[PDB]
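Asks: Line order of the protein sequences matches chains A and B. Under the UniProt record's numbering, the residue at position 1 of the first sequence is numbered 1045, and the numbers go up by one with no gaps. Under the UniProt record's numbering, the residue at position 34 of the second sequence is numbered 86, and the numbers go up by one with no gaps.
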Amino acid sequence: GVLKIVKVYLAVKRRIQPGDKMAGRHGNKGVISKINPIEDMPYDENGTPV
Amino acid sequence: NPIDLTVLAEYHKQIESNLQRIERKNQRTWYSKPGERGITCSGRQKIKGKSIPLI
């Protein structure tokens, strides 16, 4: 019944955003609530943020 | 000398025979049977949905 077939692949790139599910290897799940800037972070005495 | 439409019947038979030959060839090479291995491709056709208002 079919004359010819055209197959089209697509590729897309997914960044991260509030809503995704990340989880460690010990069973501690989580949904990313906020996405803060760098300077609102707890930094230690050496200056590097967390 | 009565009336005559023999040429009409010959013309109509010619149209029918030519159309039957063309449609027999198209239905011969479009619904063929694949041999010993099967259908070498797949259809894969899918239809999604839309947002259709109802005014």
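The beta-carbon is built from N, C-alpha and C at its ideal position, and this holds for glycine as well.
(1) Against chain A, with Cβ distances strictly below 8 Å, would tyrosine 63 of chain B count as a contact?
(2) Taking the DSSP output, what are the residues bridged to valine 1075 of chain A?
(3) Taking Cβ positions only, does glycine 95 of chain B come closer than 8 Å to chain A?
(4) Cβ closer than 7 Å: which chain B residues qualify as neighbours of residue 1116 of chain A?
(5) At the level of alpha carbons, what is the spacing between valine 1046 of chain A and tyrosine 1053 of chain A?
(6) Compare the C-beta of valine 1056 of chain A against all C-beta atoms of chain B and say whether one is closer than 8 Å.
Replies: The relevant details are as follows:
(1) Here residue 63 of chain B is taken as the residue at index 11 of the second sequence, counted from 1. It does not: the Cβ of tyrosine 63 of chain B has no partner Cβ on chain A nearer than 8 Å.
(2) Locating residue 1075 of chain A in the first sequence gives position 31, counting from the first residue. According to DSSP, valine 1075 of chain A bridges with A:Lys1065.
(3) Against the second sequence, residue 95 of chain B aligns to sequence position 43. So yes, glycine 95 of chain B belongs to the interface.
(4) An answer regarding residue 1116 of chain A cannot be provided, because it is not within the stretch 1045 to 1094 covered by chain A.
(5) The sequence position of residue 1046 of chain A within the first sequence is 2, counting from 1. The sequence position of residue 1053 of chain A within the first sequence is 9, counting from 1. If I take the Cα positions, the gap works out to 20 Å.
(6) Here residue 1056 of chain A corresponds to residue number 12 of the first sequence, with the count starting at 1. Cβ-Cβ to chain B under 8 Å: no for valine 1056 of chain A.
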